[PDB]
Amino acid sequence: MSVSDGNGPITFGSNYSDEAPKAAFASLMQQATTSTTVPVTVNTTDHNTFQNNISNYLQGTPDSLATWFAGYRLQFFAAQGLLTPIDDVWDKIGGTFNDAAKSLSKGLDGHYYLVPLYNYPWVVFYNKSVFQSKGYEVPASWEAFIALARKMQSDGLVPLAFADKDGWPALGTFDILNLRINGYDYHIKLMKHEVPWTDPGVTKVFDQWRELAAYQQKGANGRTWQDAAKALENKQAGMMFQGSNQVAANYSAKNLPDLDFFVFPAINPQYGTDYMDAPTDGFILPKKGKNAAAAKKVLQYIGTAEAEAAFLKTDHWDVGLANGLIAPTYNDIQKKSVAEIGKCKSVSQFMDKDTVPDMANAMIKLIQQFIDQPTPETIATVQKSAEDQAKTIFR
């Protein structure tokens, strides 16, 4: 049945269980119903349960459409035949999105499976008043970054506020170093365990982190990320690398206007600053779902700048993927997020969505082990353990 022939009710499996996004999604689907004349029913499930249960959900009697996100699981579901391809939807909406947005929405088979809605950046935050007062420039390269971090220490500042008591924050540093040194394709190969954790490329990541760590706040494994963000906000540290919906979210309204960011500096010209973790949420069409053609009409409505701006009205950190869209509700962090994310050649999804959850979990303690003892002997141990556990996790 042609997209334009699609009519009648659809259901929508939604993991938007928290009050704010639940409300925003209900409102968007009401608008979609009115615009498309496809009546949309939203079936909400507890957020964790929806993602824990996804493989069974998709194998049983799923809804016509569902909330999901880019990364390892999306691609596996496609290969399993659990998702309906939506090349026809993308014939209509493809002009709205860049090649990076297209890539994260596609299988290896070259077909589209996802319609993305929004994402947010992992970047290096700083206070503008401090850069201005102290005479710091944004560093574009590794050599400039290190020189700036030494100047910050000369001025009595911790260069990078840094925390890993929470376990996941340090995974971002592993990601961004891998992306800068080895590139996106290599990073994804490692996350999929096509390349082993004992690979020399991983050694290179840790070796570079040995130098970075000299400028990273001491005592990191005992520090919450909110306490690191507060060190930035109180001007005790010069910079902090993390997700905007963490660092910027933690700032008081009074200090927010001083907050800015830059992308993690380039390490070599091969990969420049081409890549970033920017966790991207969107929508899929379950193969066993009912009324595919109507479901595609609703996806077409969702894959617009208009839908993005409506949904994000009350969202302070996420930004739409529509090419260059600046929504009237965006604050300055979101504006710069659109600018920087949009320049990326590919965007990765953070380690916990690019590998399988079990492997991301495994890496938490191993990276903590590194941070406590960042030596060549520790790196060998970490690589060996990581690969041992990977050989069990990946089947």
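The first residue of the shown sequence is 1; numbering continues from there.
- When 96-104 is weighed against 120-128, 96-104 comes out higher, by mean CA B-factor as recorded in the entry.
- The deposited model assigns a higher average Cα B-factor to 4-12 than to the other stretch when 4-12 and 386-394 are compared.
- Within the selection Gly324, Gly303, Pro85, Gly243, the deposited Cα B-factor values reach their highest point at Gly324.
- In the deposited coordinates, the residue among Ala220, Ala307, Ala295, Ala229 with the greatest CA B-factor is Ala220.
- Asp166: CA B factor in the middle third of modelled residues in this chain (values from the PDB entry).
- The deposited CA B-factor of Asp332 belongs to the middle third of values across its chain.
- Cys344: CA B factor in the lowest third of modelled residues in this chain (values from the PDB entry).
- Sorting the modelled residues of the chain by their CA temperature factor places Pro269 in the highest third.
- Placement of the Cα temperature factor of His111 within the chain: highest third of the modelled residues, per the deposited record.
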